[PDB]
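Student: Here it is, the structure, as structure tokens.
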Amino acid sequence: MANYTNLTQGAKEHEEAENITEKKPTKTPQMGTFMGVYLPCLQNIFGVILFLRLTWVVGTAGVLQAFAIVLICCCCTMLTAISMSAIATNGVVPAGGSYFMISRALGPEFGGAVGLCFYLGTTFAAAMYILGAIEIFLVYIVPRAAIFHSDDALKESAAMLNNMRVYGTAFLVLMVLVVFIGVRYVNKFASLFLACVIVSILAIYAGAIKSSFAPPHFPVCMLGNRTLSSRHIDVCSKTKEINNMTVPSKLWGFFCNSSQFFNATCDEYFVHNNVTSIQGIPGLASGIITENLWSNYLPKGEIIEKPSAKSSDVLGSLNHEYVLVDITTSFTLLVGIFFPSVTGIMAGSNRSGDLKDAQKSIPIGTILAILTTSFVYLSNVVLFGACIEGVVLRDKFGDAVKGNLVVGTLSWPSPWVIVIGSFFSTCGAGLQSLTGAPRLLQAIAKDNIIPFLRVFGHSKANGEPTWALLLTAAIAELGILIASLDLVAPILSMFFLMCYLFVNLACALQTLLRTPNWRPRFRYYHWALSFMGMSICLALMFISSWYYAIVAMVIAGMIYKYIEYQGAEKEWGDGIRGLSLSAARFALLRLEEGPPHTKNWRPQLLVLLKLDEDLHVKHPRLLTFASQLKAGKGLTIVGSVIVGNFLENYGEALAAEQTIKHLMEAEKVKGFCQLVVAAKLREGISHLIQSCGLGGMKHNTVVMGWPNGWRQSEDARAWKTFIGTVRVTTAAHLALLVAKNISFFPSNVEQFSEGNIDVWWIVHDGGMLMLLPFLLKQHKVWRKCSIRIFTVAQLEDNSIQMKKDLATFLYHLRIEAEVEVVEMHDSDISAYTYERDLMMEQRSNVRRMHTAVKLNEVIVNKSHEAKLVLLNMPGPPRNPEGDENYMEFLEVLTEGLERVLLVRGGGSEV
Amino acid sequence: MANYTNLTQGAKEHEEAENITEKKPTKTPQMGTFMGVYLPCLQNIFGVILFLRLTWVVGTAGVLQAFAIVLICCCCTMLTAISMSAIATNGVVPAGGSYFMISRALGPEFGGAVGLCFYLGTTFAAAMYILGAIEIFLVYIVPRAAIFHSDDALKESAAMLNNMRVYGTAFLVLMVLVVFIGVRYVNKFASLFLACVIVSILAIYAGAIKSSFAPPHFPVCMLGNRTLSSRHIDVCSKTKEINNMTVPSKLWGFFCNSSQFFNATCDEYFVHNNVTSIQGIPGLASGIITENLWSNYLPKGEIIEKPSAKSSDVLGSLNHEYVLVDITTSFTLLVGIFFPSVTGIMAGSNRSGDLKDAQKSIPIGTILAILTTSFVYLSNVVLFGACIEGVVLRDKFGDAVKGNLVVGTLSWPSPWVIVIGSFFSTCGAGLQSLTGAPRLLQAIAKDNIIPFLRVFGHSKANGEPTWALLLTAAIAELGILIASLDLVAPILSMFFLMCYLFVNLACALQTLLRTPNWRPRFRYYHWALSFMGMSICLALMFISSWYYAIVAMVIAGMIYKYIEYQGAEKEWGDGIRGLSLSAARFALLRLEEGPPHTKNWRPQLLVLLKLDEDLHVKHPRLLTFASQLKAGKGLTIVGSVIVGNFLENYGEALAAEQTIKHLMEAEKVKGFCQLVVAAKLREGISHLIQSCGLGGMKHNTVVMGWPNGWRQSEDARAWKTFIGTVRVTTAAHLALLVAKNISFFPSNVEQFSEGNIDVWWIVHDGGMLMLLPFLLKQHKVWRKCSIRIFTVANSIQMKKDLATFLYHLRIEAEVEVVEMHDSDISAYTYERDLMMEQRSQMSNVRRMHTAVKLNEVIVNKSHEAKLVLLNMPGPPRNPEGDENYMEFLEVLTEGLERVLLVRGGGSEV
Ligand SMILES: *[C@@H]1O[C@H](CO)[C@@H](O[C@@H]2O[C@H](CO)[C@@H](O[C@@H]3O[C@H](CO)[C@@H](O)[C@H](O)[C@@H]3O)[C@H](O)[C@H]2NC(C)=O)[C@H](O)[C@H]1NC(C)=O
Ligand SMILES: *[C@@H]1O[C@H](CO)[C@@H](O[C@@H]2O[C@H](CO)[C@@H](O[C@@H]3O[C@H](CO)[C@@H](O)[C@H](O)[C@@H]3O)[C@H](O)[C@H]2NC(C)=O)[C@H](O)[C@H]1NC(C)=O
Ligand SMILES: *[C@@H]1O[C@H](CO)[C@@H](O)[C@H](O)[C@H]1NC(C)=O
Ligand SMILES: *[C@H]1O[C@H](CO)[C@@H](O)[C@H](O)[C@H]1NC(C)=O
């Protein structure tokens with residue numbers, strides 16, 4: 001015993017859930033995976049197409065191509081089921097319909113795009129289902145009751161379309177009234193609709209089985225290889241004997257105008273060929289599948305010909321009774337006509353609020369439902385191929401079989417069971433989609449995702465959409481005006497295909513780009529699956545119509561970008577400003593949930609500009625050299641401290657910030673400026689070094705200017721601060737670039753004709769040292785200079801192996817660089833070796849000076865005339881007392897060189 | 001006297017310019033706008049189509065639809081010229097070709113995508129032009145020298161393709177050798193090629209004019225309304241009299257097998273109808289335009305029928321001599337066949353290094369060249385409509401006119417001048433595109449934009465592409481293997497259409513989004529024009545082929561994203577990490593060059609978390625309330641100061657940072673964390689308030705916790721620091737949110753059944769105060785509460801504005817104005833007066849005794865509220881009355897459950 005439904009859950013349920021945040025009523029609607037996602041999805045996938053058009057598709061395509069069609073459609077819907085299950089498992093499943101899940105999983109932009117595309121899909125589905133119910137009623141149930149009787153022969157089709165337009169509009173107004181007043185009854189009879197569907201399918205299978213030994217007696221009159229209609233004929237014989245008199249049969253009256261055979265003038269094909277009674281349903285074992293295993297694709301108005309019977313060759317006798325191909329078929333048309341029979345998988349999660357284990361019921365339920373329907377379709381394709389005559393299949397309105405439903409002829413009790421079950425199922429699906437479309441529309445309106453749809457957010461006392469339904473009815477009316485399933489199906493299929501394409505593309509993107517909160521806890525979801533689904537039914541979209549598909553893509557893209565713009569204006573306050581703001585925030589967030597390190601190290605600079613008492617940059621050269629080092633790309637944060645109290649220096653801070661920005665723009669520096677008004681310059685710099693940049697966009701190198709004239713100034717703060725900053729940089733594990741004699745650094749406009757960047761590679765931190773000159777040489781200023789590595793390791797035997805390691809590394813760099821190893825006494829490099837030993841264990845002053853002068857001797861003797869001498873640095877002393885000695889060591893170590901870039905790694909650089 | 005060229009300038013010139021950075025040689029190549037951009041673009045737009053296929057297109061389309069085709073193509077190329085001129089004016093024009101301009105203007109990603117699409121365009125153009133030169137030579141000049149003689153009927157049709165494939169491959173190997181050895185000669189003879197083109201067009205016009213009084217004698221044999229070929233027939237008469245004997249003419253031998261008229265068995269149409277000589281070029285005044293003003297679109301193999309002359313009705317006599325439609329035409333096919341006649345506008349700026357005023361010569365020159373060629377095409381459409389028979393036009397191989405070029409029949413001297421000028425022009429354009437494709441390829445390789453193309457960066461001693469040219473030759477070979485202009489034209493057109501679509505879309509985007517360094521100094525460029533061009537010829541792309549267009553779009557998109565990825569990995573060091581890094585940096589940069597303010601104010605929070613001596617968050621409720629306030633969207637920077645020395649507390653700073661990040665994620669706060677290890681807590685907070693966030697992603701509100709138990713603690717620093725922070729926030733012009741009794745603030749899981757957020761709106765700063773409760777109510781926790789505004793006081797004007805804002809907000813709120821004595825609100829009115837005074841230029845016992853009145857009213861009205869917002873008075877000017885200020889605040893909030901003290905201190909709207 002159970003009282004379930006197959007409809008959706010709109011804003012009413014999501015709202016109840018949110019309020020219920022802070023139960024016995026909830027527990028009772030809890031439904032297992034089977035009755036929660038299997039039956040809703042099964043009742044909503046099994047549409048009208050399976051009946052009114054599957055036999056026709058099989059016939060006009062040949063079992064092979066029909067199998068290919070059903071397989072491609074089922075493949076796009078199965079990969080979309082996998083992507084939708086990945087969405088369902090990821091995070092908490094909201095209580096609303098599939099729209100709320102898709103929204104909370106893919107962001108409001110994709111949520112709204114999918115919502116509107118799926119909504120247009122559902123409206124045109126309510127239109128197709130009303131057209132189908134009308135077509136079944138009118139062609140098969142009550143043919144006599146058509147308001148416009150067919151006029152002559154040429155206007156017979158036109159008279160039918162008007163019957164369908166008027167009857168469909170009346171029926172649509174009826175269905176709208178039903179859904180508006182008494183949707184509870186629709187919920188109650190969803191089970192009866194599913195019952196009708198399943199009874200119909202079991203009747204189809206029972207007929208197919210019975211058709212092996214005893215097939216039914218539905219014969220078709222056929223003149224040679226020309227199939228005849230049986231809507232008016234009684235006997236498939238040229239002369240029907242009446243009262244022992246061989247009077248001509250009615251077909252004679254339809255091919256010869258005499259009607260009395262008194263010297264009757266019969267046309268050519270009638271006199272030459274012969275009328276035969278061909279069994280319309282041969283046995284399943286008869287082996288007709290070999291006959292109908294091939295496409296027909298006859299264009300419009302072509303006579304349907306069974307390529308088995310004999311025939312004469314005369315032509316010209318065009319007649320009304322010849323059953324004709326009613327539409328110029330093709331593969332790309334058949335795929336579109338059949339696709340709305342696999343749609344409805346988003347209905348699997350239309351009952352997600354009343355579930356027990358959502359992430360477990362929704363994926364399994366949906367995939368099992370799609371497997372069931374795919375098996376039913378792929379089995380019925382072959383059964384129709386192997387049970388129905390190759391002529392009764394191409395009959396798209398049950399003609400030539402005495403006016404019975406083509407699939408109806410395959411049934412155990414009678415074709416009547418199917419002709420009524422299809423009608424009830426199709427009107428039920430129309431009601432279902434006229435309840436599912438306006439609920440989704442009011443949910444998209446209530447979310448305030450799109451502003452102008454706010455009007456449709458209005459609900460009834462119970463939370464039913466009063467003003468969304470009217471728009472749904474209007475769109476269904478526009479659809480019904482094209483009173484033909486064969487022409488509504490491509491549009492419906494295109495809208496549902498766009499919905500499925502976005503559901504597959506959002507999952508592929510969010511898996512590749514490592515989108516935050518994208519944890520697809522599924523045992524079989526791989527982004528390649530969703531990508532293959534997106535590709536497959538993108539191809540499907542374009543195949544069916546290349547112009548409708550572009551219109552759908554552009555509509556969805558405009559809705560997506562407009563939702564993004566509205567979200568920007570909502571959260572940041574401005575449209576385009578806020579749009580870039582959201583882009584930056586999202587990039588930084590995505591940047592946070594990732595490995596902290598990088599496979600390669602690239603210097604992101606923090607230029608520490610020193611501001612004089614006039615609040616002017618004391619060293620613009622710093623900015624010029626930073627621009628040359630980064631070459632206008634990358635991150636450059638220009639930081640500076642203004643000594644004083646912030647409470648009264650805000651105006652000065654703003655003025656100096658404008659000054660530094662103008663200077664950066666003048667020196668082609670692309671980056672950002674940050675001023676800190678601090679009580680102590682040293683503490684301000686210690687705060688800039690560790691706090692600049694938003695998380696994930698941190699710097700990793702600190703670029704400083706050398707404290708020129710440290711000895712001259714009586715105050716010891718200037719030299720002591722530089723050391724403090726060096727210690728802060730080393731402790732923070734950031735790289736350090738101390739530029740000395742920066743006033744002589746070349747400007748952005750001038751250039752070097754010829755020169756040598758003499759990188760000095762000393763025991764360690766070789767990665768930063770080697771990487772620097774190439775970044776410099778990549779700029780036009782340092783472009784025309786060479787590079788010389790004066791390695792100072794051991795003597796020569798060690799160097800040969802190292803020479804190979806450096807030469808190959810440089811080979812990977814692919815920039816010319818000659819390395820020379822100069823033997824140096826360990827004592828001369830004692831301070832370095834000491835620091836290295838301290839590092840290895842972790843993982844005097846007179847000697848330092850007397851060795852620094854040896855370093856001076858070698859460095860000047862080799863590199864006196866260099867344009868820029870890079871040089872590795874030793875760490876600062878542990879005791880802050882020897883800071884003067886450390887600065888003297890550095891000053892002597894750099895005595896006599898034109899332009900030095902002291903470099904200290906102090907990090908895991910490679 | 002001048003020696004100019006129409007070829008491109010690749011990496012060799014761009015490199016010379018860059019080196020020449022730090023002249024007499026440069027000055028000499030300087031060329032004026034006319035000879036620098038008008039003639040190169042004119043010489044490169046006038047291709048082979050104008051001759052070999054324009055007459056055929058006019059005929060098979062009808063003058064009206066042919067006019068529509070030429071107009072649509074010219075419209076896409078003109079809008080693309082406007083966008084490309086906008087690119088040319090914006091910024092300095094690089095010395096290289098058009099590729100370098102497009103690159104430096106649209107970024108390397110679009111630069112490389114457009115470069116490769118335009119490169120495939122140029123290669124398939126070298127293929128089409130070689131095919132055209134071969135077709136002209138073989139069909140019109142020397143038919144005798146064809147290696148595969150046509151045989152039978154079906155074999156004869158495919159006999160030609162083998163002649164064309166072999167001759168085209170031979171010609172392509174010849175052209176490749178020429179360009180490889182002696183491109184200087186091509187530069188020298190570019191002028192002769194342009195001369196041939198212009199002489200040919202003037203010959204067309206002279207023929208059209210002469211066709212007014214005296215049209216030429218090109219007759220066509222026509223059997224009834226069935227056109228015959230005249231390659232073998234001599235007289236358009238059934239019987240050709242020989243030696244005074246009426247012997248049957250050869251056409252009799254081609255329709256009757258007797259050949260002696262001895263009881264000859266002639267077929268049906270031949271016996272019934274008549275052969276007639278129809279003047280093939282009637283006068284311009286003859287008025288045939290009225291006849292050929294309509295489309296034909298006859299499918300493949302259909303006999304071409306003039307619907308004017310008499311005819312019998314018998315059918316069945318299918319014959320070889322009946323001129324047949326050689327391809328199943330359609331409108332969408334004609335647009336594709338014709339589009340490669342308007343391509344070449346990027347060649348206008350292929351000589352930009354040798355210019356005087358680039359930003360002035362390139363736009364005018366390009367637009368004038370396109371106007372000239374568009375007028376020439378639209379004029380020749382009408383001239384062909386009004387001068388050539390409606391049957392001679394649909395002849396795509398000069399049949400029925402004795403085997404002469406269709407357009408050749410319209411010329412003053414003879415069709416030979418055009419048939420040779422077209423051949424030389426088409427081989428010259430082939431040479432041009434076999435020099436322009438590899439130069440562009442080596443420029444894309446040398447830019448190191450795409451890695452794997454590095455092999456093709458290799459150049460010759462003079463800087464000629466040795467290995468790029470070979471790939472161009474291979475692709476041209478693959479093109480020539482499809483030995484038919486009618487099938488190469490759609491591919492060429494698709495590649496050039498993709499190039500133009502990207503050039504229009506990048507400009508539209510960079511104009512809309514306010515991309516940095518996008519200054520389009522043009523007098524007529526509006527982004528709507530580039531957008532209309534993008535749309536027009538996107539439609540053109542898809543019309544011509546919906547599957548080729550998708551393949552091109554996917555190829556270009558993959559190249560674009562791959563270039564972006566390679567640039568990320570190059571500059572940042574990682575692929576996806578660096579990709580997000582570049583996205584963030586670019587967004588922030590774009591965010592910088594814009595108005596600092598915003599039309600709406602939205603609170604971007606900086607939560608100041610206080611870290612205790614255990615390095616644990618002393619107030620997680622701060623984060624919970626920040627999450628509720630921002631609702632998971634927006635910017636939230638959580639800042640905290642660790643008192644101590646940074647040299648030894650780095651590990652502690654990292655540990656506490658991980659702690660704060662875990663807490664943020666636990667409280668559903670989406671944002672970033674920044675720790676500052678400072679010697680003094682007050683200075684650390686004063687530095688966080690002014691330095692957090694990258695430029696453009698700044699905060700505008702500071703969210704603080706109230707210093708609970710300030711009086712109890714003997715140390716006065718705790719209460720004094722809060723005031724210091726308030727002053728820092730006010731001075732920085734940021735909003736301020738002081739939360740009091742924050743330990744009682746509701747958690748993210750619980751909710752309120754019913755309650756009232758009692759926003760108290762006092763004289764000023766009404767914008768922040770009104771905006772807050774609605775952002776709070778937008779969260780599920782505060783969803784089920786009501787709002788009550790207890791207004792106490794241009795305050796009257798402000799109240800009306802607030803009411804209007806409430807109406808705009810559309811969320812139910814009831815406002816009550818309570819009369820209060822000015823003395824009670826004295827501290828507020830005093831501050832307001834100070835504000836008005838400063839704006840115009842551009843005690844304690846009373847404050848406490850009035851604060852208690854404020855307490856009386858506020859508690860009597862709002863004692864049971866769930867959250868009482870309340871405006872704040874400014875801190876005293878003298879830092880001595882700071883205790884008095886804190887006492888004022890403490891009493892002002894005495895008795896309320898949960899208070900959010902709010903201070904605007906900014907231009908909040
Ligand atoms: C159903 O019967 C009609 C009536 O004869 C068939 O029409 C004709 O069928 C032939 C196939 O034999 C078609 O092709 C012809 O083939 C012969 C083979 O030598 C060839 O000599 C002819 O020139 C022609 O190509 C023919 O086009 C078709 N129509 C006419 C007017 O003759 C029809 O094909 C039969 N159904 C099927 C499925 O074959
Ligand atoms: C060139 O001359 C031939 C020889 O008659 C034309 O063939 C026939 O042309 C007629 C049009 O005059 C076509 O349509 C017919 O129209 C009459 C009008 O009443 C109608 O009674 C017929 O049933 C038919 O629809 C006809 O299809 C066509 N072919 C045959 C076999 O008659 C040919 O059309 C002429 N060329 C042009 C461009 O018109
Ligand atoms: C063919 O020529 C004869 C005599 O010149 C003429 O009478 C007849 O009408 C012509 N046929 C047609 C179709 O004009
Ligand atoms: C059709 O079948 C009949 C048997 O009544 C036969 O006489 C007639 O010849 C058949 N058609 C043929 C062979 O033309």
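Naming scheme: A, B, ... for chains in displayed order of the structure tokens; residues 1 onward per chain; ligands 1 onward as shown.
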Neighbours of stretch 273-276 of chain B within 6 Å (only C-alpha atoms; same-chain residues fewer than 4 positions away dropped), as a PyMOL selection string?
Tutor: chain B and resi 221-224+237+269+312
Student: May I have the residues from that selection written out with N, CA and C atoms, as a compact mmCIF listing (two decimals), in the first residue's frame?
Tutor:
# COMPACT_ATOMS: atom_id res chain seq x y z
N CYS B 221 25.14 28.98 -79.95
CA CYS B 221 24.19 28.05 -80.56
C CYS B 221 23.23 27.54 -79.49
N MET B 222 21.93 27.65 -79.75
CA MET B 222 20.95 27.16 -78.81
C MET B 222 19.86 26.40 -79.55
N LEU B 223 19.62 25.16 -79.11
CA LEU B 223 18.62 24.27 -79.70
C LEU B 223 17.33 24.49 -78.93
N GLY B 224 16.42 25.28 -79.50
CA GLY B 224 15.21 25.60 -78.77
C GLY B 224 15.65 26.39 -77.56
N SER B 237 23.61 26.01 -87.27
CA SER B 237 22.64 25.67 -88.30
C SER B 237 22.63 24.16 -88.43
N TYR B 269 14.30 15.86 -79.64
CA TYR B 269 14.41 17.31 -79.48
C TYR B 269 15.04 17.93 -80.71
N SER B 312 9.95 23.26 -78.42
CA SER B 312 8.96 22.20 -78.49
C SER B 312 8.84 21.62 -77.08
Student: Identify, on the basis of only C-alpha atoms, every residue whose closest approach to stretch 667-674 of chain A does not exceed 10 Å; exclude the query and any residue fewer than 6 positions from it along the same chain; express the result as JSON, numbers by chain.
Tutor: {"A": [605, 606, 607, 620, 621, 622, 623, 624, 625, 626, 627, 628, 630, 631, 632, 633, 634, 635, 636, 637, 638, 639, 640, 641, 653, 657, 658, 660, 661, 688, 692, 693, 747, 748, 749], "B": [585, 586, 588, 589, 592, 690, 691, 692, 693, 694, 695, 696]}
Student: Would you return as a VMD selection string the members of stretch 135-334 of chain A that DSSP assigns to helix (DSSP H, G or I) on this structure's backbone?
Tutor: chain A and resid 135 to 141 156 to 180 183 to 210 250 to 255 268 to 272 288 to 290 331 to 334
Student: Pick from A:205, A:270, A:218, A:565: nearest to ligand 4, with only C-alpha atoms and all ligand atoms counted?
Tutor: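 Counting only C-alpha atoms and all ligand atoms, the residue closest to ligand 4 is A:270.
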Student: Just want the residues within 8 Å of ligand 4, written as a ChimeraX atom specification, counting only C-alpha atoms and all ligand atoms.
Tutor: /A:224,272-276,310-312
Student: Go ahead and write the residues just picked, C-alpha atoms, as a short mmCIF file (atom, residue, chain, number, x, y, z; two decimals), in the first residue's frame.
Tutor:
data_model
loop_
_atom_site.label_atom_id
_atom_site.label_comp_id
_atom_site.auth_asym_id
_atom_site.auth_seq_id
_atom_site.Cartn_x
_atom_site.Cartn_y
_atom_site.Cartn_z
CA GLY A 224 1.59 -5.33 -56.72
CA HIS A 272 -1.49 -4.52 -65.15
CA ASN A 273 -0.76 -5.53 -61.56
CA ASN A 274 -2.72 -7.53 -58.96
CA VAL A 275 -4.29 -6.84 -55.57
CA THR A 276 -3.15 -9.26 -52.88
CA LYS A 310 5.80 -8.55 -58.03
CA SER A 311 5.05 -5.44 -60.06
CA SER A 312 4.65 -4.13 -63.60
#
Student: Counting only C-alpha atoms and all ligand atoms, what residues are within 10 Å of ligand 1, given as a ChimeraX atom specification?
Tutor: /A:223-226,269,273,296,303-316
Student: Determine, counting only C-alpha atoms, which protein, DNA and RNA residues have an atom within 9 Å of an atom of residue B:794; residues of the same chain fewer than 3 positions away are not included. Present the result as a list in words.
Tutor: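 Listed by chain and then number, they are residues 763, 764, 797, 798 and 799 of chain B.
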Student: If you keep N, CA, C and O atoms, can you produce a file of those selected residues as a CSV table (one decimal), in the first residue's frame?
Tutor:
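What landed in selection-v9.csv:
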chain,number,residue,atom,x,y,z
B,763,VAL,N,19.6,60.6,13.5
B,763,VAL,CA,20.0,61.7,12.6
B,763,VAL,C,20.7,61.4,11.3
B,763,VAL,O,20.3,61.7,10.3
B,764,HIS,N,21.9,60.7,11.4
B,764,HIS,CA,22.6,60.5,10.2
B,764,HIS,C,23.1,59.1,10.0
B,764,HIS,O,22.9,58.2,10.9
B,797,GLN,N,14.6,65.4,5.2
B,797,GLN,CA,14.8,65.0,3.8
B,797,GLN,C,15.3,63.6,3.8
B,797,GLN,O,14.9,62.8,3.0
B,798,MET,N,16.2,63.3,4.7
B,798,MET,CA,16.8,62.0,4.8
B,798,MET,C,15.7,60.9,5.1
B,798,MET,O,15.8,59.8,4.6
B,799,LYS,N,14.8,61.3,6.0
B,799,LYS,CA,13.8,60.3,6.4
B,799,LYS,C,12.9,60.0,5.1
B,799,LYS,O,12.6,58.8,4.9
Student: Pick out the residues sitting within 7 Å of stretch 387-401 of chain A, and hand them over as a PyMOL selection string; count only C-alpha atoms, and ignore anything fewer than 3 positions along from it in its own chain.
Tutor: chain A and resi 55-56+58-60+208+211+218-220+228-231+280-284+292+306+383-384+404-406
Student: Just checking: using only C-alpha atoms, which residue out of B:146, B:641, B:235, B:617 ends up closest to chain A?
Tutor: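 Among the listed residues, the smallest separation from chain A belongs to B:641.
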Student: What residues have any atom no more than 6 Å from ligand 2 when counting only C-alpha atoms and all ligand atoms, and can you list them as a ChimeraX atom specification?
Tutor: /B:225,305-307,311-313
Student: Can you spit out the residues from that selection as a PDB file, in the first residue's frame, using N, CA, C and O atoms?
Tutor:
ATOM      1  N   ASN B 225      15.205  25.965 -76.378  1.00  0.00           N
ATOM      2  CA  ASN B 225      15.638  26.599 -75.143  1.00  0.00           C
ATOM      3  C   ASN B 225      16.726  25.791 -74.445  1.00  0.00           C
ATOM      4  O   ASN B 225      16.931  25.948 -73.239  1.00  0.00           O
ATOM      5  N   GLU B 305      18.718  26.107 -69.447  1.00  0.00           N
ATOM      6  CA  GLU B 305      17.646  26.504 -70.346  1.00  0.00           C
ATOM      7  C   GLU B 305      17.354  27.991 -70.224  1.00  0.00           C
ATOM      8  O   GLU B 305      17.114  28.496 -69.124  1.00  0.00           O
ATOM      9  N   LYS B 306      17.380  28.682 -71.357  1.00  0.00           N
ATOM     10  CA  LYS B 306      17.006  30.084 -71.430  1.00  0.00           C
ATOM     11  C   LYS B 306      15.490  30.192 -71.485  1.00  0.00           C
ATOM     12  O   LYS B 306      14.887  29.795 -72.490  1.00  0.00           O
ATOM     13  N   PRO B 307      14.832  30.730 -70.467  1.00  0.00           N
ATOM     14  CA  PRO B 307      13.366  30.773 -70.508  1.00  0.00           C
ATOM     15  C   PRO B 307      12.820  31.925 -71.333  1.00  0.00           C
ATOM     16  O   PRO B 307      11.865  32.586 -70.916  1.00  0.00           O
ATOM     17  N   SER B 311      10.359  26.779 -77.931  1.00  0.00           N
ATOM     18  CA  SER B 311      10.788  25.407 -77.710  1.00  0.00           C
ATOM     19  C   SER B 311       9.624  24.465 -77.965  1.00  0.00           C
ATOM     20  O   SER B 311       8.464  24.820 -77.744  1.00  0.00           O
ATOM     21  N   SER B 312       9.949  23.260 -78.416  1.00  0.00           N
ATOM     22  CA  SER B 312       8.957  22.198 -78.486  1.00  0.00           C
ATOM     23  C   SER B 312       8.840  21.621 -77.079  1.00  0.00           C
ATOM     24  O   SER B 312       9.391  22.169 -76.123  1.00  0.00           O
ATOM     25  N   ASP B 313       8.128  20.512 -76.912  1.00  0.00           N
ATOM     26  CA  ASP B 313       7.963  19.947 -75.582  1.00  0.00           C
ATOM     27  C   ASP B 313       8.474  18.525 -75.435  1.00  0.00           C
ATOM     28  O   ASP B 313       8.503  18.016 -74.309  1.00  0.00           O
TER      29      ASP B 313
END
Student: Using only C-alpha atoms and a distance of at most 6 Å, pull out the residues of chain B that contact chain A, as a PyMOL selection string.
Tutor: chain B and resi 572-574+580+584+587+598+600-602+647+672+693-695+728+751
Student: Identify, on the basis of only C-alpha atoms, every residue whose closest approach to residue B:887 does not exceed 9 Å; exclude the query and any residue fewer than 5 positions from it along the same chain; express the result as a VMD selection string.
Tutor: chain B and resid 848 882 892
Student: Any chance you can output those residues with N, CA, C and O atoms as a PDB file, in the first residue's frame?
Tutor:
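Once written, part24.pdb looks like this:
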ATOM      1  N   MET B 848      26.110  61.933  29.645  1.00  0.00           N
ATOM      2  CA  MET B 848      25.673  60.752  30.389  1.00  0.00           C
ATOM      3  C   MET B 848      24.217  60.875  30.834  1.00  0.00           C
ATOM      4  O   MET B 848      23.441  59.911  30.726  1.00  0.00           O
ATOM      5  N   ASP B 882      38.240  59.748  26.641  1.00  0.00           N
ATOM      6  CA  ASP B 882      37.974  58.411  26.121  1.00  0.00           C
ATOM      7  C   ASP B 882      37.231  57.547  27.134  1.00  0.00           C
ATOM      8  O   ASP B 882      36.329  56.784  26.766  1.00  0.00           O
ATOM      9  N   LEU B 892      24.627  53.720  27.179  1.00  0.00           N
ATOM     10  CA  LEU B 892      23.748  53.716  26.015  1.00  0.00           C
ATOM     11  C   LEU B 892      23.309  52.313  25.634  1.00  0.00           C
ATOM     12  O   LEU B 892      22.223  52.129  25.077  1.00  0.00           O
TER      13      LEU B 892
END
Student: Might you pull out every residue within 10 Å of stretch 144-147 of chain A, with only C-alpha atoms counted and same-chain residues fewer than 2 positions away left off, and present them as a PyMOL selection string?
Tutor: chain A and resi 137-142+149-150+159-160+162-164+166-167
